[PDB]
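Have a look at the structure below, then the notes.
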Amino acid sequence: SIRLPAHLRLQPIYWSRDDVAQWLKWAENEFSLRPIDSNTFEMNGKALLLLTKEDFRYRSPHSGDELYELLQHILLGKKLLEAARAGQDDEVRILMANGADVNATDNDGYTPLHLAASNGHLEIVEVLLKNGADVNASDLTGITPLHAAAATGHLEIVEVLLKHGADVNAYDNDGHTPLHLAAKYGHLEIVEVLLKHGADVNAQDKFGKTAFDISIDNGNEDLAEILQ
């Protein structure tokens, strides 16, 4: 599969010169390509998109087409991220049928399964889990799709995640578990199903607060009483 370094996962329309340069450098090692002068592609990412494959070919008689098609590949990863967010089930099909890597990542570590579980698109989450989307991938803040699905209240999505291997005791960079965010947003039934599949109700975050305490600070006392 294909995975940009952390500094290149942004949309290429947003790349600077140096990003474009870092991308060329990166591509040269990954795919095992002959070293070229980056001043050939002397332009920011917004201009790179305007180039034709021939323009790629004549700049790099030895790797121009591969870089053109490589670029095209990452570009579909963004349209897949977008197709999984807006709920565009058809667009998710065409892109996965044209080769979309179902574990792409943007600048925020979001995968297409993160966005489809955070926004409530049950069909996309299932067709992503069926074609190999990582169920326990964590973004740069550590939020898993079960974090996003439990923080937003999507019960049928929290349950489908638990059915394919979603970790119920995953800790984020701030220490929060899926039972913490379900308590933060007042979703008792998700706290129920989380507590059914093995959620450590006594998990502590980096400030020392439990699911009871988050239910206290946010105003969910009926939930705070059920955890007590």
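Labels used: A, B, ... for chains in the order of the structure tokens, numbers from 1 for residues in each chain, and numbers from 1 for ligands as shown.
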* Asked: Leaving out stretch 197-203 of chain A and any residue of its chain fewer than 4 positions from it, which residues lie within 8 Å of it when counting only C-alpha atoms, given as a VMD selection string?
  -> chain A and resid 162 168 to 169 177 to 179 193 210 to 211 227
* Asked: What's the 10 Å shell around stretch 68-70 of chain A, counting only C-alpha atoms, without same-chain residues fewer than 2 positions away, as a ChimeraX atom specification?
  -> /A:2,27,31,48-49,51-57,63-66,72-75
Selection to disk with N, CA, C and O atoms, as a compact mmCIF listing (two decimals), in the first residue's frame:
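Heads up, here's the output in selection-v4.txt:
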# COMPACT_ATOMS: atom_id res chain seq x y z
N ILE A 2 0.22 2.41 -0.07
CA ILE A 2 0.90 3.68 -0.28
C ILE A 2 0.55 4.63 0.86
O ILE A 2 -0.64 4.89 1.11
N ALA A 27 9.28 9.91 -2.95
CA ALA A 27 8.94 8.94 -3.98
C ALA A 27 10.18 8.20 -4.46
O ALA A 27 10.11 7.01 -4.80
N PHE A 31 9.55 3.83 -4.10
CA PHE A 31 9.38 3.04 -5.32
C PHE A 31 10.70 2.66 -5.97
O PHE A 31 10.68 2.04 -7.03
N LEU A 48 1.63 21.86 -9.77
CA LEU A 48 1.90 20.47 -10.15
C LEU A 48 0.66 19.79 -10.70
O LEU A 48 0.74 18.97 -11.61
N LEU A 49 -0.51 20.13 -10.15
CA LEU A 49 -1.75 19.51 -10.59
C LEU A 49 -2.08 19.87 -12.02
O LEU A 49 -2.75 19.10 -12.72
N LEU A 51 0.02 20.12 -14.51
CA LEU A 51 0.89 19.48 -15.49
C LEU A 51 0.21 18.26 -16.11
O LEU A 51 -0.58 17.57 -15.47
N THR A 52 0.53 18.02 -17.38
CA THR A 52 0.08 16.83 -18.09
C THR A 52 1.06 15.69 -17.87
O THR A 52 2.20 15.88 -17.43
N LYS A 53 0.61 14.47 -18.19
CA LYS A 53 1.49 13.32 -18.06
C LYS A 53 2.71 13.48 -18.95
O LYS A 53 3.84 13.18 -18.54
N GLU A 54 2.51 13.99 -20.17
CA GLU A 54 3.63 14.35 -21.02
C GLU A 54 4.56 15.34 -20.33
O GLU A 54 5.79 15.19 -20.37
N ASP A 55 3.99 16.37 -19.71
CA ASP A 55 4.83 17.31 -18.98
C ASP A 55 5.63 16.58 -17.91
O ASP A 55 6.81 16.87 -17.69
N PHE A 56 5.00 15.59 -17.27
CA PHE A 56 5.74 14.73 -16.35
C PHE A 56 6.78 13.92 -17.10
O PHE A 56 7.94 13.84 -16.69
N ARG A 57 6.38 13.34 -18.23
CA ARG A 57 7.29 12.50 -19.01
C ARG A 57 8.51 13.28 -19.47
O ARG A 57 9.65 12.81 -19.33
N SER A 63 11.18 8.69 -14.97
CA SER A 63 10.21 8.49 -13.90
C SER A 63 9.05 9.48 -13.96
O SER A 63 8.31 9.59 -12.97
N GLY A 64 8.85 10.20 -15.07
CA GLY A 64 7.80 11.19 -15.12
C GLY A 64 6.40 10.60 -15.08
O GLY A 64 5.53 11.11 -14.38
N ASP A 65 6.18 9.51 -15.82
CA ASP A 65 4.86 8.90 -15.84
C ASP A 65 4.52 8.26 -14.50
O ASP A 65 3.39 8.37 -14.02
N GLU A 66 5.50 7.59 -13.89
CA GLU A 66 5.25 6.98 -12.58
C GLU A 66 4.86 8.04 -11.56
O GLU A 66 3.94 7.83 -10.76
N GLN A 72 -1.77 10.90 -9.17
CA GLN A 72 -3.17 10.56 -9.39
C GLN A 72 -3.68 9.63 -8.28
O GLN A 72 -4.83 9.75 -7.85
N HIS A 73 -2.82 8.72 -7.81
CA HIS A 73 -3.23 7.76 -6.78
C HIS A 73 -3.59 8.46 -5.47
O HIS A 73 -4.65 8.20 -4.89
N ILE A 74 -2.70 9.32 -4.97
CA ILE A 74 -2.96 10.03 -3.72
C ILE A 74 -4.18 10.92 -3.87
O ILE A 74 -4.95 11.12 -2.92
N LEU A 75 -4.37 11.49 -5.06
CA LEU A 75 -5.50 12.39 -5.29
C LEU A 75 -6.83 11.68 -5.08
O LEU A 75 -7.80 12.28 -4.60
* **Selected residue, from A:161, A:194, A:151, A:21, that lies nearest to residue A:133 when counting only C-alpha atoms** =>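 The closest residue to residue A:133 is A:161.
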* Just how far from atom CA of residue A:206 is atom CA of residue A:5, in Å to one decimal? -> 27.8 Å
* **One-decimal distance in Å that lies between atom CA of residue A:172 and atom CA of residue A:204** =>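 Spanning atom CA of residue A:204 to atom CA of residue A:172 is a straight-line distance of 11.1 Å.
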* To do: Quote the spacing between atom CA of residue A:119 and atom CA of residue A:85 in Å to one decimal place.
  => 6.4 Å
Would you list, as a compact mmCIF listing (two decimals) with N, CA, C and O atoms, in the first residue's frame, the residues of stretch 76-143 of chain A that end up in alpha helix (DSSP H) under DSSP run on this structure's backbone?
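See states_9.txt below for the written result:
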# COMPACT_ATOMS: atom_id res chain seq x y z
N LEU A 76 -6.90 10.40 -5.45
CA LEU A 76 -8.12 9.63 -5.20
C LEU A 76 -8.28 9.32 -3.72
O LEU A 76 -9.42 9.14 -3.25
N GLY A 77 -7.18 9.24 -2.97
CA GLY A 77 -7.29 9.04 -1.53
C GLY A 77 -8.03 10.17 -0.86
O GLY A 77 -8.80 9.95 0.08
N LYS A 78 -7.82 11.41 -1.33
CA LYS A 78 -8.55 12.55 -0.79
C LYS A 78 -10.03 12.48 -1.17
O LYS A 78 -10.91 12.68 -0.32
N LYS A 79 -10.32 12.18 -2.44
CA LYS A 79 -11.71 12.07 -2.86
C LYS A 79 -12.41 10.92 -2.16
O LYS A 79 -13.64 10.95 -1.99
N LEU A 80 -11.66 9.90 -1.72
CA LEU A 80 -12.25 8.83 -0.92
C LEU A 80 -12.54 9.31 0.50
O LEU A 80 -13.61 9.03 1.05
N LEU A 81 -11.57 9.99 1.12
CA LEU A 81 -11.82 10.64 2.41
C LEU A 81 -13.06 11.52 2.35
O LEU A 81 -13.90 11.50 3.25
N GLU A 82 -13.18 12.31 1.28
CA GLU A 82 -14.33 13.18 1.12
C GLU A 82 -15.60 12.38 0.87
O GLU A 82 -16.67 12.70 1.40
N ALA A 83 -15.51 11.32 0.05
CA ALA A 83 -16.69 10.52 -0.24
C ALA A 83 -17.19 9.78 0.99
O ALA A 83 -18.39 9.50 1.10
N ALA A 84 -16.30 9.46 1.93
CA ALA A 84 -16.73 8.80 3.16
C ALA A 84 -17.28 9.78 4.18
O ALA A 84 -18.02 9.37 5.08
N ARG A 85 -16.95 11.07 4.06
CA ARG A 85 -17.44 12.07 5.00
C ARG A 85 -18.85 12.54 4.62
O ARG A 85 -19.76 12.50 5.45
N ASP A 89 -22.26 7.38 -1.05
CA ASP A 89 -22.07 5.93 -1.19
C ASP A 89 -21.66 5.54 -2.60
O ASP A 89 -20.77 4.70 -2.78
N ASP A 90 -22.30 6.13 -3.61
CA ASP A 90 -21.93 5.84 -5.00
C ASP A 90 -20.49 6.25 -5.27
O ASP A 90 -19.72 5.50 -5.88
N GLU A 91 -20.11 7.45 -4.83
CA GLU A 91 -18.74 7.91 -5.04
C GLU A 91 -17.74 7.02 -4.32
O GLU A 91 -16.62 6.84 -4.79
N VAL A 92 -18.15 6.44 -3.18
CA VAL A 92 -17.29 5.49 -2.49
C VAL A 92 -17.11 4.22 -3.32
O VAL A 92 -16.05 3.59 -3.27
N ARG A 93 -18.11 3.85 -4.10
CA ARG A 93 -18.02 2.64 -4.92
C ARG A 93 -17.12 2.85 -6.13
O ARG A 93 -16.24 2.04 -6.40
N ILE A 94 -17.34 3.94 -6.87
CA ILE A 94 -16.53 4.22 -8.06
C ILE A 94 -15.06 4.33 -7.68
O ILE A 94 -14.18 3.80 -8.38
N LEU A 95 -14.77 5.00 -6.57
CA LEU A 95 -13.38 5.22 -6.17
C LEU A 95 -12.72 3.92 -5.72
O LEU A 95 -11.58 3.63 -6.11
N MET A 96 -13.42 3.12 -4.92
CA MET A 96 -12.89 1.81 -4.55
C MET A 96 -12.82 0.86 -5.74
O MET A 96 -11.98 -0.05 -5.73
N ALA A 97 -13.67 1.05 -6.74
CA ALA A 97 -13.59 0.27 -7.97
C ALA A 97 -12.46 0.74 -8.88
O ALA A 97 -11.97 -0.04 -9.70
N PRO A 112 -10.66 7.12 5.97
CA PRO A 112 -12.06 7.13 5.51
C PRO A 112 -13.02 6.40 6.44
O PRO A 112 -14.23 6.66 6.38
N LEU A 113 -12.53 5.50 7.30
CA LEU A 113 -13.36 4.86 8.30
C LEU A 113 -13.58 5.74 9.53
O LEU A 113 -14.59 5.59 10.22
N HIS A 114 -12.65 6.66 9.80
CA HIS A 114 -12.85 7.65 10.87
C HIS A 114 -14.01 8.58 10.53
O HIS A 114 -14.88 8.85 11.37
N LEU A 115 -14.01 9.11 9.30
CA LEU A 115 -14.99 10.11 8.91
C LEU A 115 -16.37 9.49 8.72
O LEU A 115 -17.38 10.12 9.06
N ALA A 116 -16.44 8.27 8.20
CA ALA A 116 -17.73 7.63 8.00
C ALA A 116 -18.35 7.15 9.31
O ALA A 116 -19.58 7.05 9.42
N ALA A 117 -17.52 6.85 10.31
CA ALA A 117 -18.01 6.50 11.64
C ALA A 117 -18.33 7.73 12.49
O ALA A 117 -19.17 7.64 13.39
N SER A 118 -17.70 8.86 12.20
CA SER A 118 -17.98 10.10 12.92
C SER A 118 -19.21 10.82 12.40
O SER A 118 -19.83 11.58 13.15
N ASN A 119 -19.59 10.58 11.14
CA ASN A 119 -20.68 11.32 10.52
C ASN A 119 -21.95 10.49 10.31
O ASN A 119 -22.96 11.05 9.87
N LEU A 122 -23.62 4.40 7.73
CA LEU A 122 -23.47 2.99 8.09
C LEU A 122 -23.01 2.16 6.90
O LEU A 122 -22.19 1.24 7.06
N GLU A 123 -23.51 2.46 5.71
CA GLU A 123 -23.15 1.66 4.54
C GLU A 123 -21.68 1.84 4.19
O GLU A 123 -21.00 0.87 3.83
N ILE A 124 -21.17 3.07 4.28
CA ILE A 124 -19.77 3.31 3.96
C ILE A 124 -18.86 2.60 4.96
O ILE A 124 -17.85 2.00 4.59
N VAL A 125 -19.22 2.66 6.25
CA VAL A 125 -18.41 2.00 7.27
C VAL A 125 -18.32 0.50 7.00
O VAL A 125 -17.26 -0.11 7.15
N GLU A 126 -19.43 -0.10 6.57
CA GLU A 126 -19.44 -1.54 6.31
C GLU A 126 -18.63 -1.89 5.07
O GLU A 126 -17.85 -2.85 5.08
N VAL A 127 -18.81 -1.14 3.98
CA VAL A 127 -18.06 -1.44 2.76
C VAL A 127 -16.59 -1.07 2.89
O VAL A 127 -15.76 -1.56 2.12
N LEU A 128 -16.24 -0.23 3.87
CA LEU A 128 -14.83 0.02 4.16
C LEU A 128 -14.23 -1.10 5.00
O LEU A 128 -13.09 -1.52 4.77
N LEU A 129 -14.99 -1.59 5.98
CA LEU A 129 -14.53 -2.70 6.80
C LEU A 129 -14.48 -4.00 6.00
O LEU A 129 -13.70 -4.90 6.34
N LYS A 130 -15.29 -4.13 4.94
CA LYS A 130 -15.28 -5.34 4.14
C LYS A 130 -14.08 -5.40 3.20
O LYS A 130 -13.59 -6.50 2.89
* Might you pull out every residue within 10 Å of residue A:154, with only C-alpha atoms counted and same-chain residues fewer than 4 positions away left off, and present them as number ranges by chain? => A: 117-122, 146, 148-150, 158-159, 187, 189-190
* Asked: So, counting only C-alpha atoms, which residue among A:109, A:219, A:132, A:12 is closest to residue A:185?
  ->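 Using only C-alpha atoms, the shortest distance to residue A:185 belongs to A:219.
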* Selected residue of minimal separation from residue A:24 among A:164, A:45, A:67, A:218, counting only C-alpha atoms ->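 Comparing A:164, A:45, A:67, A:218 against residue A:24, the winner is A:67.
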